[PDB]
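Quick reminder, even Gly has a Cβ in these numbers, built from the backbone with ideal geometry, and neighbours come from all protein chains shown. A short reminder: the numbers here are calculations on the coordinates, not readings from a lab.
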RNA sequence: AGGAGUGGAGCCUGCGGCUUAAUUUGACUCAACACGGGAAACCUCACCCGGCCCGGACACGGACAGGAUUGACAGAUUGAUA
RNA sequence: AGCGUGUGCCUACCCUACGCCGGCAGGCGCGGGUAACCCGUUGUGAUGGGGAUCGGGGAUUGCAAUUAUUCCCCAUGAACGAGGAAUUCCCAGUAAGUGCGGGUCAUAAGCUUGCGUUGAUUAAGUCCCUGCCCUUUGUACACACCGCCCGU
C-alpha cells in the first residue's frame, strides 16, 4: 500500500483508457521492460494495479510470472459509481472489428 | 537449531510522536499587530529555490534538506 | 537487435512453450488440443486447434479478439 | 651492469633498500623468516609463523598433516 | 546445445542426470539473381521450422 | 532522500537479479542459452522447447 | 637512542611530496591498495584519528574509539596514533610503528579459537 | 594363489560429536552425508552479540486540515554518512 | 586435438588480439566476433630428481578475501623409493596420469558434468563372500526371519 491518491486518479485514467492489460511483477527496479516512461513512478503505479485487482471483487490469474486480468462488469459498475463518469464514452478498443 | 532470540534488549518500544502545535506560536509571529508585519527569517538570495522558501533556525547550519546551505565567510 | 542463433532457437522454443501453456490454462474447457506457429515472411501466423470452435470464437469473436490483444501486448510483437 | 635483479633471495627488505651481502652457515635459515617486527607489533601472523602452522591458511584437518614429521 | 540437469527435484536418490540435446543444422547456398527472383522463390509455402535468412553481400 | 541511499556501490554479481521465468524460483537457475529457469521447470518444458533426450 | 628508521628513509619529507615516486622505495602488501584509488567513506577513520590526536594531551594514551574499518592508510604521518577495532565481542588495540606500508588493519584479529576439547563417548569410540 | 588405482606423501568441503553470536533446514547404512544442481559475508542464514518501514474483501471497539514514511556529519549509536 | 562457450523483452555484468616494460595475463587506449567468418589452424640410489611450513618484483582492479578472487623465479630440506582393523571402483582406448570447456559465476572450483592427450600389468573364470534369477523342497512366518516364539 502506502499509495497516494493523485497516483490513484492517474491509474484510474489508465484503466479507463486501457481496460485489458497484461502485467509483470516489478517493484524494486528503476526501469521496467514494457511499462515505464509514463512520467509517473513505477512502484506506486504497480501497487495501484495490485489494489485494483486485489480489493476483493475482480479475480486474477497468475502463471509464467505474469498477470492476465478479466475486468468484470462489476468493475465497470464500481468505477461508474465512484468516479461518476458515464459509460456513454465508449472505449476506443472497439475498432478494427 | 534454536530460535533467533531477539529478546535481551528493548522488550517493548513506544512510538515517537511529535507534539506539533496546531497554533503557529513557535513557528511564526508578527510582534507588531498591524497590517504590515516584519519577518523573523533571513532573506534567501539563492535562485535554485522558490520565491516563498523560508528557512527555519537551529543552533547552526539551518537544515533545509533540499540544498544543505550553510552560511560561511569563505 | 540481434542475438545468437542458439539463443534465437531457444527463445523461439520458449515462445512456443509459454504460448502453449497460456492458452492451455485459458481454454482447456474449450477442448483445446494444440497450437502451431507457421513461418511466413516477416510475419508469424498462429493456428490453434480445438475440438469446439463455435465456443472459442463465440459471438463476433470476443474471445478471439481478447486472446489476440493479450498475446500482442504480452509478447512485444509489432502492432 | 643493470642486470635484472630478480635473482637474489631477500629483496625489498626493511632496513636496507640495497641488496647487502651476508655469509656463513646457520645464519641464512634464520633470516629467511624475519619475524621480529611482526612479533613486536602484536599481530596474529607472528604466532602463525611461530607455531610452524599455516600462515596463508593451508587446510590441515584431513590433508596437510606434514610439517612436523 | 547440450544441457545436463539433475533428475530428482529434491536432493534424494542416486545421482541421475538428464542429458538434453538440441541439434541446430545450418546450410548456406550461394547464387547470382536479382531480388525479385529470390523473393518469388521464397514464398513457396515453406514447411515449419526451416528458418530462412537471405543476405546480399 | 531516496537518491541518498540507492546506487552507492555497484552490485556486479547480484544473485537476486535472476529468477525462474515460469515459477520464480531462486535456486537451480538455468541461464545457459537464456532459459533462465529453475532446472525443475526446464525439465517440465524441455520437450516443448525443442530439447530432447537423444543419448 | 635514535629513532628507528623505515626502510632507511624518513616519512615527513616524502609526505610533503606527491605520489609520483612514492612507491619506488616501498614494500608490497599495500603495493597497489595505495594505487587502487579513492571512494566515499574513507575519510572517516582519518577524521576520527585526527580528532583523537588533537584532543589528547601529549604523552598520554588516548580514548578508545569504536569502529570496524578494515581499510588502508595512504599516509604514515600518524606515527604515535593508534587504531582500536571491535574484535569478537570486545575491543582490541594493536601497537603501531612507522612501518605501515606492508600490512593491513584486518591482519591482527585472532578468531580461530583453540578447539575446546571434549570427551566423546557413547558413540563411535572404536 | 589374479590384479591396478586404493583413504594414508604435494588444491576442503558436506553434516553429526561438538562453550557462549560457531557447529546453523530435509535426508536414520546399501536408497543421508561438496546431496537439495546448496561454492556459508550480503539479496538465498532459520545456530546469528542487533532493528525497522508492518497485514487485513470482515466480523468489535479508539474518531479527522495532523492520529508520522527509508530521509544531519560534529556530546552519541553497540562496526555502519541509519 | 578438444567436445564446446561467448554482448538489451530482461540488461547495468559476454569471449578476446599491440603498445607504456621490470621477465610475459597485464593499471589506460586499441579493433574482431551474434560466431566453421573473431578469440583460434584454441654409476648405484637421497644426488642434480618429484617440494614441509614461509619472504621480495610489477599485483589482473573483487569495499572486506585474513572473517574462500589474484604469477614464477633464491634450490631454506619434509617417514624423500607399494602402507592398523575395515576396505570402494574398474575388463580396452578399461583404470590411472594429465590438462581443457561448460553448471555454479566477478575469466570466482578444491565439486560436478563433459572433452580430448599419454596409456595398459593382470581375468575371457567361479558361486567361496555380498546379492540376483527361469526349479524342487520345509515352515508353527504373512507387520512375511530385523519373523514367530519358549522358559522360574
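Checking each residue in region A:77-91 for being more than 15 Å from residue A:58 (Cβ to Cβ), surrounded by 10 or more Cβ atoms within 10 Å (Cβ to Cβ) and either touching a strand residue (DSSP E or B) at 6+ places or on another chain (Cβ under 7 Å) or free of Cβ contacts under 8 Å to residues at least 12 places away in the same chain (or both) picks out only A:87. Residues that are within 9 Å of RNA strand I (Cβ to nearest atom) and within 7 Å of another protein chain (Cβ to nearest Cβ) were ranked within region E:3-20; the one that is surrounded by the most Cβ atoms within 10 Å (Cβ to Cβ) is E:3. Of all the numbered requirements in (1) part of a helix (DSSP H, G or I); (2) more than 14 Å from chain C (Cβ to nearest Cβ); (3) in contact with a helix residue (DSSP H, G or I) (Cβ under 9 Å, 6 or more places away or on another chain), residue F:16 misses one, and that requirement is (3). For region E:34-51, the candidate set comprises residues that are over 20 Å from the mean Cα position of the chain (by Cα) and surrounded by 10 or more Cβ atoms within 10 Å (Cβ to Cβ); within that set, the residue that is farthest from residue C:37 (Cα to Cα) is E:37.
Number of residues in region F:1-54 that are in contact with a strand residue (DSSP E or B) (Cβ under 6 Å, 6 or more places away or on another chain), touching a residue at least 12 places away in the same chain (Cβ under 8 Å) and within 17 Å of residue E:9 (Cβ to Cβ): the value is 7. Residues being touching a residue at least 12 places away in the same chain (Cβ under 8 Å) and either surrounded by fewer than 11 Cβ atoms within 10 Å (Cβ to Cβ) or within 16 Å of RNA strand I (Cβ to nearest atom) (or both): count how many of those fall in region A:1-27. The total comes to 10.
Scanning region A:40-69 for residues being assigned to a loop (DSSP other than H, G, I, E, B) and within 14 Å of another protein chain (Cβ to nearest Cβ) gives a total of 9.
Filtering region E:21-49 to residues that are within 14 Å of chain F (Cβ to nearest Cβ) and assigned to a loop (DSSP other than H, G, I, E, B) leaves E:22, E:23, E:24, E:25, E:48, E:49. Scanning region G:81-93 turns up at least one residue that is away from chain D (no Cβ under 14 Å) and either assigned to a loop (DSSP other than H, G, I, E, B) or within 24 Å of residue D:36 (Cα to Cα) (or both). Checked against (1) within 14 Å of chain D (Cβ to nearest Cβ); (2) within 16 Å of RNA strand H (Cβ to nearest atom), residue G:48 meets all criteria but (1). Residue-level check: of (1) within 25 Å of residue C:67 (Cα to Cα); (2) surrounded by fewer than 12 Cβ atoms within 10 Å (Cβ to Cβ), residue A:63 misses just (2). With respect to the conditions (1) more than 10 Å from the chain's Cα centre (by Cα); (2) within 7 Å of RNA strand H (Cβ to nearest atom); (3) not in a helix (DSSP H, G or I), residue F:42 lacks only one, and its number is (3).
For residue G:125, the conditions (1) in contact (Cβ under 8 Å) with a residue 12 or more places away in the chain; (2) more than 24 Å from residue D:55 (Cβ to Cβ) all hold with the exception of (1).
Per the listing G:97, G:113, the residue uniquely within 13 Å of chain D (Cβ to nearest Cβ), assigned to a loop (DSSP other than H, G, I, E, B) and over 27 Å from residue D:17 (Cα atoms) is G:113.
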